[PDB]
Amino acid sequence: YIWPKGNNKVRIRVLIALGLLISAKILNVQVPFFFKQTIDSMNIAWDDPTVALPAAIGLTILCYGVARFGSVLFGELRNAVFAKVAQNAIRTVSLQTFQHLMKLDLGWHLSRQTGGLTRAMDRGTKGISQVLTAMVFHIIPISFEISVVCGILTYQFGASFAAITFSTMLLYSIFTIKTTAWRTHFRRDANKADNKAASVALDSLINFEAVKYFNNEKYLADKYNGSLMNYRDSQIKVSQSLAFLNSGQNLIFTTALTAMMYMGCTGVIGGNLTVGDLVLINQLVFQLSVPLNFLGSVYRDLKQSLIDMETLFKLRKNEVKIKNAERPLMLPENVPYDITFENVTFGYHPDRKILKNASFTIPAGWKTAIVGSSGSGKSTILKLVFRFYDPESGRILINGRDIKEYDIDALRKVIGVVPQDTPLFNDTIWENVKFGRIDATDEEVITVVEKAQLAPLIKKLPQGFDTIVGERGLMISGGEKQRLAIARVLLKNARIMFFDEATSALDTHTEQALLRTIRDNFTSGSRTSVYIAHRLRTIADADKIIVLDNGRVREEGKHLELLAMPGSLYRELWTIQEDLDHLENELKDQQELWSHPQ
């Protein structure tokens, strides 16, 4: 909570805002004095009606002006000065939450709904410019002015007046709040009908044929009219409820101001009060109603913004599960890397073990394929090598060392990944290809697009390298996506390379073309390649194939050797998989015959 103060005392400015806050209200309570004095200083002789105005009193009316203006200006300056404090505290919190969100472990990110975080770390900031704006633009200034106005009234007119001014505020408070909290249970019913009516309109626009296919039209028309009427009947109980707040509020003040003018006019009989003391006590108390209007819709907002600010704080509460230990290693500089699994048992969720006591090696410089049908758990190899997770039993070594003892950032730096479905950031294509290595020369980004065979996309594309792709942009093919991924990892130039089902591009012709550019760019050049696939035909040129079944290692060999091995599972998969490809292609040919006229 709070803690805008610690070090970096450039936020001394908070005093200046606080100071400017005082020196704007002081200037306010002083405005009616200049009105009183300017009125009494004109209640005199004037027997010469051609006399000029005493500059001694032309001054008092210049002072009135420059104190009225002084009050607003020193207040508006309080705001913009403190705005530098508010917007800064958010920019600092919004970053620190962002950075910590990405220090969190992957399991966390997959448990948490992303929207509930996008709402949290957005409505969490807006809940801060509502607790400080409440405090500084409203609470303190109206709390001070009440002190000073009731103080001044006490000394210069007696507690007779003070007791009722302060009372007037307290009644205005516990009426405004208690009436406004009574009317939020009205807007919450009002837009409710708006929504009801909204869907009936939308259902009738989406299901336009369906309503046409049946009678209706009239049926849905006054189905609407109903929801439309229930909204009117609710929107009226807003405008009406507003009057009763707006009118009740004026009554509380208007009697306070009417009863005091009276009280004032009795002290004019008793010679205790001048006639300017009437303008004084009226115009003095009236200055307390203006900022009382705002601080009425709040209260609840304060309640809301109090927790939404708390939720946003909890985000940084969440601790980091995958940490590297004391004295972490970087290690080996200029060697090829090998990966090895020692009795690795792992799963997400303790009831379902996925990798069961698996042991194998991914030798250095080789293209090793890890295959298996469903449930094999080849599906989890990368996550473990990349230390997104840690294995329940057994351990995982790179070059004889458990990756746990490695600098979790150093480790991840030497692994490049071409994922099954590549993600597009909402940016330019160029900035997506560049996403692989930030410090890349402009040409590096060009070559790498050429090598990937990505050129024909930028040529087909009107707006070229600067085009916007992404969830909110121009969707490109799976082929062009996977192609971009090849580009990215080419820039990253990692030593260990994963192709995690890189070609489940749901069309045969594209996988075909894709595998070729993969074999051109990633051929045994002292990089250690791991291909995770389920279509065996696409990894048959692998130096080593490790077949998993139900989470355990069943066979290991080369393609021709594995097929020839009697009673192997590899040949069983190969056979099914093959029959499948024949079938689905026999099927596609026949869909064609029935695709066109004859």
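The numbering used is simple: start at 1 and walk along the sequence shown.
Visitor: So which stretch wins on mean C-alpha B-factor, 507 to 515 or 359 to 367?
Guide: The entry gives the higher C-alpha B-factor average to 507 to 515.
Visitor: Averaging C-alpha B-factors over each stretch, which comes out higher, 534 to 542 or 47 to 55?
Guide: It is 47 to 55.
Visitor: Among 483, 434, 527, 317, which carries the highest Cα B-factor?
Guide: Max CA B-factor in the entry, restricted to 483, 434, 527, 317: 317.
Visitor: Quick one: which of 384, 403, 474, 205 shows the highest Cα temperature factor in the PDB entry?
Guide: Each of 384, 403, 474, 205 was compared by C-alpha B-factor; the highest is 474.
Visitor: How does the C-alpha B factor of residue 328 compare with the rest of the chain: lowest, middle or highest third?
Guide: Its C-alpha B-factor, which the entry lists for residue 328, ranks in the highest third among residues of this chain.
Visitor: Please place residue 69 in the lowest, middle or highest third of its chain according to the CA B-factor in the PDB entry.
Guide: It belongs to the middle third of the chain when residues are ordered by C-alpha B-factor.
Visitor: Test of reading the entry: by CA B factor among the chain's modelled residues, which third contains residue 293?
Guide: As the PDB entry reports it, the C-alpha B-factor of residue 293 lands in the highest third of its chain.
Visitor: Can you work out whether the C-alpha temperature factor of residue 212 puts it in the lowest, middle or highest third of the chain?
Guide: CA B-factor rank for residue 212: lowest third.
Visitor: For residue 372, does the deposited CA B-factor place it in the lowest, middle or highest third of the chain?
Guide: As the PDB entry reports it, the C-alpha B-factor of residue 372 lands in the lowest third of its chain.
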